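A.B. asks: Quick one, data.cif (mmCIF, C-alpha atoms):
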```cif
data_query
#
loop_
_atom_site.group_PDB
_atom_site.id
_atom_site.type_symbol
_atom_site.label_atom_id
_atom_site.label_comp_id
_atom_site.auth_asym_id
_atom_site.auth_seq_id
_atom_site.Cartn_x
_atom_site.Cartn_y
_atom_site.Cartn_z
ATOM 1 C CA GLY W 1 257.551 -188.092 2.482
ATOM 2 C CA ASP W 2 256.657 -188.879 6.092
ATOM 3 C CA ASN W 3 260.187 -190.065 6.874
ATOM 4 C CA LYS W 4 261.757 -187.157 4.988
ATOM 5 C CA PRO W 5 260.219 -183.950 6.440
ATOM 6 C CA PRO W 6 260.759 -181.144 3.865
ATOM 7 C CA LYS W 7 261.474 -177.518 4.766
ATOM 8 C CA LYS W 8 258.671 -175.251 5.996
ATOM 9 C CA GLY W 9 256.118 -173.782 3.630
ATOM 10 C CA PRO W 10 258.166 -172.270 0.750
ATOM 11 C CA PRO W 11 257.247 -169.028 -1.092
ATOM 12 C CA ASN W 12 254.578 -170.766 -3.172
ATOM 13 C CA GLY W 13 255.864 -173.631 -5.295
ATOM 14 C CA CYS W 14 256.728 -177.327 -5.430
ATOM 15 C CA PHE W 15 258.931 -179.041 -2.837
ATOM 16 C CA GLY W 16 261.814 -177.109 -1.304
ATOM 17 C CA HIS W 17 265.107 -176.496 -3.089
ATOM 18 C CA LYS W 18 267.553 -179.258 -3.987
ATOM 19 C CA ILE W 19 269.647 -178.704 -0.858
ATOM 20 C CA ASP W 20 269.147 -182.256 0.405
ATOM 21 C CA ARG W 21 271.216 -185.018 -1.194
ATOM 22 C CA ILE W 22 269.563 -188.164 -2.564
ATOM 23 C CA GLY W 23 265.941 -189.010 -1.815
ATOM 24 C CA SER W 24 264.023 -192.072 -2.977
ATOM 25 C CA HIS W 25 260.546 -191.069 -1.806
ATOM 26 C CA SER W 26 260.970 -187.295 -1.595
ATOM 27 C CA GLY W 27 262.733 -185.197 -4.215
ATOM 28 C CA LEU W 28 263.251 -181.513 -3.460
ATOM 29 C CA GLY W 29 264.600 -179.141 -6.094
ATOM 30 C CA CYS W 30 262.132 -176.464 -7.173
ATOM 31 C CA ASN W 31 264.911 -174.161 -8.374
ATOM 32 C CA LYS W 32 267.358 -174.939 -11.180
ATOM 33 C CA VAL W 33 271.152 -174.805 -11.031
ATOM 34 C CA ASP W 34 273.882 -173.517 -13.339
ATOM 35 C CA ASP W 35 274.014 -176.774 -15.294
ATOM 36 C CA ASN W 36 272.130 -178.982 -17.755
ATOM 37 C CA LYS W 37 268.359 -179.132 -17.274
ATOM 38 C CA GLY W 38 265.042 -179.849 -18.965
#
```
Would you write out, as structure tokens, the structure that this file holds?
C.D. replies:
Amino acid sequence: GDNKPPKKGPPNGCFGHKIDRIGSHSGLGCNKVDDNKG
């Protein structure tokens, strides 16, 4: 983080959604998409 300021406090949960592209340090994406997952 630090350099990559995530969205405000979400509705309880990990980092914000996966709206931001790429991200070495940070890695948003609390919600899943309509594709392969784990």
A.B. asks: Quick check on the file I pasted: which residues fall under the PyMOL selection byres ((chain W and resi 13-20) around 6)? Write them as a ChimeraX atom specification.
C.D. replies: /W:12,21,28-31
A.B. asks: Near residue 4 in chain W, within 9 Å and counting all atoms listed in the file, which residues show up once chain neighbours fewer than 5 positions away are dropped, as a PyMOL selection string?
C.D. replies: chain W and resi 23+25-26
A.B. asks: Selection from above, C-alpha atoms, as a PDB file, keeping the file's coordinate frame, can you write it?
C.D. replies:
```
ATOM      1  CA  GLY W  23     265.941-189.010  -1.815  1.00  0.00           C
ATOM      2  CA  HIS W  25     260.546-191.069  -1.806  1.00  0.00           C
ATOM      3  CA  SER W  26     260.970-187.295  -1.595  1.00  0.00           C
TER       4      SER W  26
END
```
A.B. asks: Between CA of residue 1 in chain W and CA of residue 22 in chain W, what is the spacing in Å?
C.D. replies: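 Between CA of residue 22 in chain W and CA of residue 1 in chain W the gap works out to 13.0 Å.
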